[PDB]
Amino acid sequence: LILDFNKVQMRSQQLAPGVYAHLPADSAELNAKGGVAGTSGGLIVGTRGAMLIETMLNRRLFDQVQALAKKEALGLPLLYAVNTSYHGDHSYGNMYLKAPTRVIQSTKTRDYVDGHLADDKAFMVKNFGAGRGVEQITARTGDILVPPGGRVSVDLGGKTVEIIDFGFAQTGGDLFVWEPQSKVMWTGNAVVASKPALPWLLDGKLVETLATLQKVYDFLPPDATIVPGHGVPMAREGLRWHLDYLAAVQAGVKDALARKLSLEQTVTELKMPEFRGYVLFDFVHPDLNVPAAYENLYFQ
């Protein structure tokens, strides 16, 4: 296993008054070395209650972030929990929430969980192992659903949180969480981690993903804090690595398609050694991102 979710230990990092990141203890070390880190989350606390960002893969990690949240919110109720995407490491813990907490997710997330949780769980067991808590998961879909391209505001008392679908960034029901007074943005999987981590273009939706992340970059103020899906907080300029990588792949694949190169020749040509460093580079880049983008842009 590249990442053993039974070995992740969640810690609290205060970002501002009432605003916290939930981070694996080894996440800073792994991101610096280009490793693969566990899921990041967070907590925003207002005057009357709190909002949890991500509910984690399993009961163990859910219990850890719930314990952190009790200290962070000092007894105020958990009013909301947000899933940035359907991916189980961000959403499987929904089942362990109690009243009065309401789940916020995209309508696409709800549709997918409703129809396919069983095969999603099978996939997660295959890649992250059995006995990591996935088998126990039952479906708990959202209460408040953000439609495609939509946004909603949530008032926690004195703090109003923005939950925004900027467009396709990984799944098609990707939500960003924006806390405008501390200027903290949670991206979920849409931003994996700081450099040298790479985006995963699972469906080859390169053009959409680049446009979405450009909109996020243009939206954020220069002093914003970004909490990536699998990394520790970073500054707004940390996004440029991802924007440059996607723009380089887009320019290379478009040029390949204009010259009518085969897929194999395109993969051979777009080695892009200047973007290496990620421990998974030699899989994500030539065995997923480049061929998937080629196949997708073939039809555009």
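The first residue of the sequence shown is number 1, and the count goes up from there.
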The stretch whose C-alpha atoms carry the larger average B-factor in the entry, 30-38 or 227-235, is 30-38
Mean C-alpha B-factor higher for 77-85, or for 92-100?
92-100
The largest CA temperature factor among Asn58, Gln265, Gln250, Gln66 is found at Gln66
Relative to the other modelled residues in the chain, which third contains the C-alpha temperature factor of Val184: lowest, middle or highest?
lowest
Ranked against its chain, the third holding the CA B-factor of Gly18:
middle
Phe166: C-alpha B-factor third of its chain, per the entry, is the middle
With respect to C-alpha B-factor, does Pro196 fall in the lowest, middle or highest third of the chain as deposited?
middle
Report the third (lowest, middle or highest) to which the CA temperature factor of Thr209 belongs, ranking only the modelled residues of the same chain.
lowest
